[PDB]
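Asks:
Number of protein chains: 2
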Amino acid sequence: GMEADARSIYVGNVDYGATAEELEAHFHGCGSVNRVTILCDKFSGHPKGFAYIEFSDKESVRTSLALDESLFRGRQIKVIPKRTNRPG
Amino acid sequence: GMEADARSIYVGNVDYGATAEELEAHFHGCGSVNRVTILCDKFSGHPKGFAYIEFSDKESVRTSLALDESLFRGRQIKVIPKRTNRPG
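Going down the list, the protein sequences come from chains A and A'. A prime marks a further copy of an entry chain.
Taken in order, the first sequence gives residues 0, 167 to 253; the numbers are from the authors' numbering.
Taken in order, the second sequence gives residues 0, 167 to 253; the numbers are from the authors' numbering.
The following block contains the structure:
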């Protein structure tokens, strides 16, 4: 829901070989993670997918923003709050 | 939405090392896959997570039911229609 979403980030430029363990490991230093959701629309060739990371605390979202443009599995990831293009 | 959900299955007993490519490969014979969603609540130790597979055609859901109790990454998976515990 909206409260879980307020504690979540969108992570762009994720590939079809990414695992939840790898993603949690990348964001571990930002704080405790409740849930990792990976959404893939391509399963071979050029990838097409993203993830949501739901943190336990809201302050971890702000912290995680420093990981925008960081290298994850050899690709620069995009990190924004999950509710960015949503009212509030 | 409800129409995407009607073309989707829930897959239980998925672990934090599962990839979308592996999951699509397991269900490939059932028909074309639109999207794989992996949802993990544990990232080490005993796993806790599941997935949704959204097929291109609704008939692929029925076909995929034969994969209930099949071995995926060394574990017996649970396959049910995504809207099972939902009205319709």
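All C-beta atoms in this analysis are idealised placements derived from N, C-alpha and C, irrespective of residue type, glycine included.
(1) Against residue 202 of chain A', what residues of chain A qualify as contacts under a CB-to-CB distance less than 9 angstroms, listed in chain order?
(2) Residues of chain A with CB under 8 angstroms from residue 169 of chain A', in chain order?
(3) Which ranges does the beta strand (DSSP E) cover as unbroken runs of at least 3 residues, wholly within the stretch 171 to 215 of chain A, from first to last along the chain?
(4) Report buried or exposed for residue 172 of chain A', applying the criterion of at least 16 other Cβ atoms within 10 angstroms of its Cβ.
(5) When the cut-off is 8 angstroms and only beta carbons count, does residue 176 of chain A lie next to chain A'?
(6) Determine which residues of the stretch 212 to 242 of chain A' have a Cβ less than 7 angstroms from any Cβ of chain A, and write them out in chain order.
(7) For residue 179 of chain A versus residue 216 of chain A, is the C-beta spacing smaller than 8 angstroms?
(8) Using DSSP bridges, identify the partner residues of residue 246 of chain A'.
(9) Between which two residues does the alpha helix (DSSP H) carrying residue 227 of chain A' extend?
(10) Can you name the residues of chain A' whose CB is closer than 7 angstroms to the CB of residue 182 of chain A?
(11) Helix, strand or coil, according to DSSP, for residue 219 of chain A' in the structure here?
(12) Can you find at least 3 beta carbon pairs, one from the stretch 205 to 220 of chain A and one from the stretch 184 to 195 of chain A', that sit closer than 8 angstroms?
(13) Measure the alpha-carbon distance for residue 197 of chain A versus residue 246 of chain A and round it to whole angstroms.
(14) Taking residue 199 of chain A and residue 219 of chain A to be in contact with their CB atoms under 8 angstroms, please state how far apart those CB atoms are, rounded to whole angstroms.
(15) Out of A/167, A/229, A/201, A/242, point me to the one whose CA is closest to residue 194 of chain A's CA.
(16) Taking the straight line between their C-alpha atoms, what separation do you get for residue 240 of chain A and residue 201 of chain A'?
(17) Decide if residue 211 of chain A is buried, meaning its Cβ has at least 16 other Cβ atoms within 10 Å, or exposed.
Replies: In short:
(1) Locating residue 202 of chain A' in the second sequence gives position 37, counting from the first residue. The contacting residues are 202, 203, 204, 205.
(2) Here the question's residue 169 of chain A' lines up with position 4 in the second sequence. Correct list: empty, because the minimum Cβ distance to chain A is about 12 angstroms.
(3) Within the stretch 171 to 215 of chain A, the complete beta strand (DSSP E) segments of 3 residues or longer fall at 173 to 177, 198 to 205, listed in chain order.
(4) Working through the second sequence from its first residue, we reach residue 172 of chain A' at position 7. Residue 172 of chain A' comes out buried.
(5) What you label residue 176 of chain A is simply residue 11 of the first sequence in a count that begins at 1. Among the residues facing chain A', residue 176 of chain A is not included, as its CB has no counterpart in that chain under 8 angstroms away.
(6) Using a CB distance below 7 angstroms, the part of the stretch 212 to 242 of chain A' facing chain A consists of 214, ordered along the chain.
(7) Within the first sequence, residue 179 of chain A is the residue found at index 14, counting from 1. Within the first sequence, residue 216 of chain A is the residue found at index 51, counting from 1. Against a cut-off of 8 angstroms, the Cβ pair of residue 216 of chain A and residue 179 of chain A comes out as a contact.
(8) By one-based count along the second sequence, residue 246 of chain A' stands at place 81. In the DSSP secondary-structure assignment, residue 246 of chain A' is bridged to A'/174.
(9) Reading the second sequence from its first residue, position 62 is the one you call residue 227 of chain A'. Segment 224 to 229, the alpha helix (DSSP H) holding residue 227 of chain A'.
(10) As a first step, residue 182 of chain A is located in the first sequence; it is residue number 17 there, counting from the start. Taking a Cβ-Cβ threshold of 7 angstroms, the residues of chain A' close to residue 182 of chain A are 184, 186, in chain order.
(11) As a first step, residue 219 of chain A' must be located in the second sequence, where it is residue number 54. Judged by DSSP in its simplified three-state form, residue 219 of chain A' adopts strand.
(12) Between the stretch 205 to 220 of chain A and the stretch 184 to 195 of chain A', the count of Cβ pairs shorter than 8 angstroms is three or higher; the stretches touch.
(13) Along the first sequence, read from residue 1 onward, the residue named residue 197 of chain A stands at position 32. Along the first sequence, read from residue 1 onward, the residue named residue 246 of chain A stands at position 81. Roughly 16 angstroms separates the two Cα atoms.
(14) Walking along the first sequence from the start, residue 199 of chain A turns up at place 34. Walking along the first sequence from the start, residue 219 of chain A turns up at place 54. Their Cβ separation, rounded to whole angstroms, is 5 angstroms, which keeps residue 199 of chain A and residue 219 of chain A in contact under 8 angstroms.
(15) By 1-based counting over the first sequence, the position of residue 194 of chain A is 29. Here the closest residue by C-alpha is A/229.
(16) Numbered from 1 along the first sequence, position 75 holds the residue referred to as residue 240 of chain A. Numbered from 1 along the second sequence, position 36 holds the residue referred to as residue 201 of chain A'. Going by the C-alpha atoms only, they are around 20 angstroms apart.
(17) Within the first sequence, residue 211 of chain A is the residue found at index 46, counting from 1. By the 10 Å Cβ count, residue 211 of chain A comes out exposed.
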